[PDB]
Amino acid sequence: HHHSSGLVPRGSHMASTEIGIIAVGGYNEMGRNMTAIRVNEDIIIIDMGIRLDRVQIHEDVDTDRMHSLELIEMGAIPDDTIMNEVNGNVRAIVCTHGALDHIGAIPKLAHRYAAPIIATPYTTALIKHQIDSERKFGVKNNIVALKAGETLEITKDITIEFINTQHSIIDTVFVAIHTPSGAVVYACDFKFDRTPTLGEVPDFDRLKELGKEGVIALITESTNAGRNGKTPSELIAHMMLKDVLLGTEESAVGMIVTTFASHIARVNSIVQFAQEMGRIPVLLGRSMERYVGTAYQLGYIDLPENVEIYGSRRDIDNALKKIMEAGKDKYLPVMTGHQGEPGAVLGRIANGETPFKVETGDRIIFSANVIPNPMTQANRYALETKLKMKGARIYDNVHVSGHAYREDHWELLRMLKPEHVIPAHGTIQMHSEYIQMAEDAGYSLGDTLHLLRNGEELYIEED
């Protein structure tokens, strides 16, 4: 004899999709970021970064004579040889922004793929300017400019959407890969910033919509997931830098500012402050000219008429000779070398290889943090020791992070409601931080939350 135990309504499945999340670089370390998203047999590569400290430990630096495999053995750059064991063909290369941890390895690995590079206008410009700077013949991927808010079809089954976000470089995007079974979202090198000083407010609405439409997997950075609270706004750094530059009873002293050439919002703030304190803003260093110049040409920043930009050593040295013999109090040199890079303008000033002589009382403002690696900490120590031994006053860490804190990740997780989460852009320790946060959010390790190592592929079969 037999009783009924109830009934189960079974859902339909009009599209099965096989998703691959391939960790190539930047899952075991910082710098050489590369991820590959496989939809069935088509592959979208996301970012191709470089890791600088692996270049610095070798007294040979070179980095432009060495080709891909030697750099991979140093790594340095992502080991993409594993792509030969991935069951698909690369259809596109997305670069979510233009800093070296996302495009630094483009000129070394991108030319081997039969795919266009898709990026934002500013990013595309930086990639182009960089590709045209190796002159080894000679294949160049075409570059498609895709703006935040725009969508691009790659395949009958694959579309790529850019969503604007904030970061320490302008024009940074989340990328959503739409598949017949739903979306794969990539959100790395980002920060929620509700009061940006240059870009736009993050697209929380679209994030929520995506959440409701269906997100299969989220690949997101774990870099500062261990840091408590929310990332302070860029406005905070704006305010602090303002206070450091204007708030002084020793006004006619002579001040040098140094920061990331790629941090366009920061540089912008600095030149405005120069205009508010009666000094002539003069930008020094090749990379200043590259990044800030490019940002200006494409209309991302406005520059005052008296702004001066110098890229060549003799232009720079003669500009510093002009400043030195006119009164340091009349200029605000905005220059490269905050990490004590050998050869940068500030490092050359510190060695006295320059008409500019730092004298007691002079104020040097590092609008940047020291990167937690022994190499750059050494270069910074030597730089600072020299500058102080010549009597300079050091203003350090006038800066705000470009990365999401724990609660930023919390809210992102609540908005996108991803089915699977994969931490990226960090060490396994950082991923451990992220994992604990995500578990608090209801995710389970090995189930809906996944710890990948470089070279590993997560297979997801969506019904």
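Start at 1 and count along the sequence shown; that's the residue number.
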Residue stretch of maximal mean CA temperature factor, 15-23 vs 440-448: 15-23
Comparing 189-197 with 153-161, the one whose average Cα B-factor in the PDB entry is higher: 153-161
Highest recorded Cα temperature factor - choice among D203, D101, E234, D317: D317
Out of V292, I77, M240, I177, residue topping the C-alpha B-factor column of the entry: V292
CA B-factor placement of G229, once the chain's modelled residues are sorted into thirds: lowest
Third of the chain's Cα B-factor distribution that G327 belongs to, per the entry: highest
Chain-relative CA temperature factor third for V61: highest
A148 - Cα temperature factor, lowest/middle/highest third of chain: middle
Where the record places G299 (Cα B-factor, split into thirds across the chain): middle
